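>>> An experimental structure, sequence included, is below.
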Amino acid sequence: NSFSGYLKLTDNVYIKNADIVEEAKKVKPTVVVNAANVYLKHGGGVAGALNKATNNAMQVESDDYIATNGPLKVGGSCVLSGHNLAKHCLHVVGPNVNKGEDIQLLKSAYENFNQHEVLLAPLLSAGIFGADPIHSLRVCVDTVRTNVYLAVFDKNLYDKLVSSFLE
Ligand SMILES: CC(C)[C@H](Nc1ncnc2[nH]c(C(=O)N[C@H]3CCN(C)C3)cc12)c1ccc2c(c1)S(=O)(=O)CCC2
């Protein structure tokens with residue numbers, strides 16, 4: 001958990017303009033959060049980047065979890081191996097508002113972070129999941145009580161998020 005170069009927003013929420021994959025390799029955190037879908041199909045975006053960094057071992061392990069346990073629910077999670085990225089991967093399903101899922105489930109999604117003392121995470125439901133990223137940060141700050149280090153791989157969005165929080 002050797003996080004560096006983060007800006008502390010609240011006593012438990014830190015933020016950096018960084019690629020979560022590169023952060024995971026440098027930091028070696030106890031937990032890395034994946035922005036998953038309910039069938040754990042890591043086809044693109046953040047989930048595809050983390051799977052590629054494990055040389056597809058994450059996808060094979062995820063298919064075996066799904067065969068035995070069935071899909072997750074939107075707002076839910078599961079803990080699987082972190083492989084070379086972390087001790088554990090917390091797969092969390094935030095709502096995909098571009099597909100009509102309820103934005104209120106973003107609170108349930110962040111609530112899953114509270115079962116882990118320290119986590120490296122992306123901004124849930126942002127990007128192609130369609131949520132307003134400034135609203136996602138507000139829900140994170142209001143809901144997560146354990147220590148969360150957010151990696152946001154876009155300087156333009158990082159600057160808008162920091163400006164919005166410090167208003
Ligand atoms: C909003 C954007 C900036 C954000 N994207 C990111 N944030 C953090 N770390 C990121 N890594 C990457 C990435 O592609 N790394 C590669 C690039 C080469 N490298 C060796 C690995 C993107 C990343 C973001 C956050 C959440 C969500 C999305 C996108 S999504 O569209 O995948 C839908 C799910 C939710």
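Thanks, I have the structure now. Numbers count the residues shown, from 1 in each chain.

>>> Contact partners for the closest residue in space to residue 7 that isn't next to it in sequence?
Spatially, and ignoring its direct neighbours in sequence, residue 7 is nearest to residue 15 (5.5 Å; C-beta to C-beta, 6 or more residues apart in numbering). C-betas here are computed from N, CA, C, even on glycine. For residue 15, the contact set (C-beta atoms under 8 Å, 6 or more residues apart in numbering) comprises 6-7, 9, 137, 149-150, 152, 158, 161-162.

>>> Let's see that with 7 Å instead.
Listed by C-beta atoms under 7 Å, 6 or more residues apart in numbering, the contact partners of residue 15 are 6-7, 9, 150, 152, 161-162.

>>> just the residues you listed now: which is nearest the ligand?
residue 152 (5.5 Å; C-beta to the nearest ligand atom).

>>> Narrow the contacts of residue 15 to just the buried residues.
6, 9, 150, 152, 161 (16 or more other C-beta atoms under 10 Å).

>>> Mind checking which of the residues you listed are in strands?
Among the buried ones among the contacts of residue 15, the ones falling in strands (DSSP state E) are residue 150.

>>> List, out of the buried ones among the contacts of residue 15, those positioned next to the ligand.
Under the cut-off given by C-beta under 6 Å from any ligand atom, the ligand has residue 152 from the buried ones among the contacts of residue 15 close to it.

>>> Take the buried ones among the contacts of residue 15 and keep only those in helices.
residue 161 (DSSP state H).

>>> any idea how far the ligand is from the nearest residue to residue 10 once chain neighbours are set aside?
Of all residues not flanking residue 10 in the chain, residue 141 sits nearest, at 5.6 Å (C-beta to C-beta, 6+ apart). In this view, residue 141 and the ligand are 16 Å apart by C-beta to the nearest ligand atom, to the nearest Å.

>>> Help me confirm that residue 14 is found in a strand?
Yes: counting by DSSP: H, G, I helix; E, B strand; the rest coil, residue 14 is located in a strand.

>>> Buried residues, stretch 108-124. List them.
108-113, 116, 118-124.

>>> try stretch 57-71
Neighbour-count burial for stretch 57-71, counted by 16+ other C-beta under 10 Å, picks out 58-59, 61-62, 65-66.

>>> Same question for stretch 145-154.
By neighbour count with 16+ other C-beta under 10 Å, stretch 145-154 contains the buried residues 147-154.

>>> Contacts only, for residue 97.
Here residue 97 is in contact with 103, 125, 129-131 (C-beta under 7 Å, 6+ apart).

>>> before we move on, the earlier item: closest to residue 85 among the buried residues of stretch 57-71?
Closest approach between the buried residues of stretch 57-71 and residue 85, by C-beta to C-beta: residue 58, at 8.4 Å.
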